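Residues per chain, in single letters:
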Amino acid sequence: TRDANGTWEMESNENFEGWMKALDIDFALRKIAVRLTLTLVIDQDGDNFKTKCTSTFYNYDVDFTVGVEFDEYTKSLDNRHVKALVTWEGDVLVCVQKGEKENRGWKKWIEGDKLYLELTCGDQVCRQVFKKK
Ligand SMILES: *C/C=C/c1ccc2c(c1)C(C)(C)c1cc(N(CC)CC)ccc1-2
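Residues numbered from 1 in each chain as written, not as in the entry; some residues may be left out. Heavy atoms only, no water. Residues with missing side-chain atoms left out of burial classes, pairs and counts.

Q: Tell me about the overall build of the protein, and please be specific about residues and values.
A: The helix and strand tally for the protein stands at two helices and 10 strands. Helices and strands appear in the protein in the N-to-C order β-α-α-β-β-β-β-β-β-β-β-β. Taking 133 residues into account, the globule formula puts the C-alpha radius of gyration at 14 Å, and the protein, at 14 Å, falls close to it. Projected onto its principal axes, the C-alpha positions of the protein cover 40 × 30 × 25 Å. Summarising the internal contacts of the protein: among those between residues at least 6 apart in sequence, 38% fall at separations of at least 24. (Helix = DSSP H or I, 4+ residues; strand = E, 2+ residues; numbered from the N terminus. Rg over C-alpha atoms; globule rule 2.2 N^0.38 Å. Contact = heavy atoms within 4.5 Å.)

Dropping the structure here:
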């Protein structure tokens, strides 16, 4: 479905460390991020999205409109300027982040009460699965 609204609880998270390493996240902070529980909250109304990723020590919040390029500064992650764009490819929500890193972005598949997320940077892919709370 194209409806990603909800509070999403993590079920699985594969190659999180390799993806963070591809983004040049500090080794020390990688070890903490691997242990912290992540909650993904999405509010979606038509084209307008508000995404909030929350843990004990780190938060990542982004708002965007589908189809409208936006300047992004990943201040709480790798601290880079990218040109971001989120679009629908069938029922897949696709985000491309143009900048220094190649193949940078994510894709989201909503299958019922499950959300599959693949985050990419360089030759690394992190695969996450969430269940709607
Ligand atoms: C559709 C999902 C997009 C998206 C963008 C940014 C982040 C995420 C998802 C998370 C939840 C995977 C995430 C986690 C983190 N930290 C760990 C590296 C913890 C907050 C940062 C950014 C994003």
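Back to the text.
Q: Report on the pattern of salt bridges, specifying residues and quantitative values.
A: Across all of its chains, the model carries 10 salt bridges by this definition. Between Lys 21 and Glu 17 there is a salt bridge, and its shortest N-O distance comes to 4.0 Å. Of this pair, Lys 21 and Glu 17 are both found in helix α1 (residues 16-22), four residues apart, which corresponds to roughly one turn of the helix. Judged by its relative accessible area of 48%, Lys 21 falls in the partly exposed class. For the salt bridge of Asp 78 with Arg 104, the shortest nitrogen-to-oxygen distance reads 2.8 Å. Taken together, the residues span a long stretch of sequence, with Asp 78 in the loop between β5 (70-73) and β6 (81-89) and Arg 104 in the loop between β7 (92-98) and β8 (105-111) at a distance of 26 residues. (Salt bridge = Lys/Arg side-chain N within 4 Å of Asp/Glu carboxyl O. Buried < 20%, exposed > 50% of the residue type's maximum accessible area, 1.4 Å probe, protein only.)

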